[PDB]
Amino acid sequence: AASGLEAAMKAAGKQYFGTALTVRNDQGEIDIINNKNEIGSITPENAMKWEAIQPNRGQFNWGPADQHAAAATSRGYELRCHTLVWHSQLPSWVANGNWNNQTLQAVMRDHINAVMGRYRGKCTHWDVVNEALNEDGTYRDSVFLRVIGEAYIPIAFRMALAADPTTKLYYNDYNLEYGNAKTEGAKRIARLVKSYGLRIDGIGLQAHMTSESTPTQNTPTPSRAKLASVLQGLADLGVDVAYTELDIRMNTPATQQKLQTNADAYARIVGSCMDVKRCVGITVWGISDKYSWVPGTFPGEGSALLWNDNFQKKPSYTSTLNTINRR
C-alpha cells in the first residue's frame, strides 16, 4: 500500500490529495508538503481572494498570489485557485460601491479577466463563486445579489469561461454534505448555469465538519453511505465533485478518545469520496493544527487537521491513509 496521501489517491485512481497553504517562515508544513508522495495539490489560503488580489480599484497586488502559485508550479503540483466571486472580505470599494447592474458587471469582468488571465495554465481549478447560499438554501444577500440578482452566478461563470476555458470551473460551498435545503440550493445553482448553456465543471464541498456536537455544528460527520449518496446526487447533474477544505473539529482539548472518534469521522468522509467515481480528490484546509482557522474563529473548538501542533501525524492521518488504500 502507498505510504503518503497523494500516492494513495493516485494508486486508487483519484486525481490528487491537496492542502491549503500559507507561505510563512515556519517550515513545518512546507517540509511535509515537499514529499511528492504526500501532497499533489495546493490551495492558496488567502493570497487569491478579491481583497488580496485587487485591494484598490485598478491596482492589482500580484506578489502573494505569485508566491503561492509558484509553491505549486515549482513542485509540479496542481493548484486550486480560490476564489473569484465571494461575499466575504470584499474590498470596501466593491462592497460599499454605488453600483448599477452594468457597472458592477464591468468590475466583475475586469477582476476575473486579470486574475484568471495571469494564472492561466497554472490554475487546475477555480472556485468561481463561493458561498452563495444561506443555510436554508436561499441566496445569500451580498452586493452581487442586490445589484445583479440571481443572474450574477451564471454571469460569473460566463466571464470565467471566457477568461480561462482550460481550468475547471467550480461552485464552492460549506454545509452541503447533509443532503438538505442547502444541498438543493447548490443543485439549483448548477441547473441555472447549465440552463444558460454555460459550463460548470464541478461542485466543491468544503467539508468543514465536526466529529462530535459543537456549539456551531450539532450534527457530526454523517455515515459513509449518506455522504456517498449526497456526492453522487451532485455528480448526477454532470459535474465532478471534490472535498475542497476538509477539516473535522471537536471541542478542545483533545483526548485519546476524541482523537480516535475524530479518526473514525475522517474514515467516513474520505471513504465517501472513494465510493463516488466523479469525486476527483480531497483537499484538507492546512497541514497542521498550529495554523488552523478554527480556534480563533470559534474559541473552544479545534484539533481539526491531520497533523498536530508539533507536526506529528494524528490518528486521523492513519485512518485517512488506510481508507484511501482499502481494497
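Numbers for residues come from their place in the sequence shown, where the first is 1.
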*Out of 150-158 and 76-84, which stretch has the higher average CA B-factor listed in the record?*
150-158
*Using only the Cα atoms and their B-factors as the entry lists them, report which of 236-244 and 97-105 averages higher.*
97-105
*Select one of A71, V143, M209, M250: the residue whose C-alpha shows the highest B-factor in the crystal structure entry.*
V143
*asked:* When the deposited Cα B-factors of this chain's modelled residues are ordered and cut into thirds, is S292 in the lowest, the middle or the highest one?
replied: lowest
*Which third, lowest, middle or highest, does the CA B-factor of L205 fall in along this chain?*
lowest
*Considering only modelled residues of the same chain, in which third does the CA B-factor of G28 rank: lowest, middle or highest?*
lowest
_Modelled-residue ranking by C-alpha temperature factor, third containing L321_ = lowest
*Lowest, middle or highest third: where is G58 by C-alpha B factor in its chain?*
highest
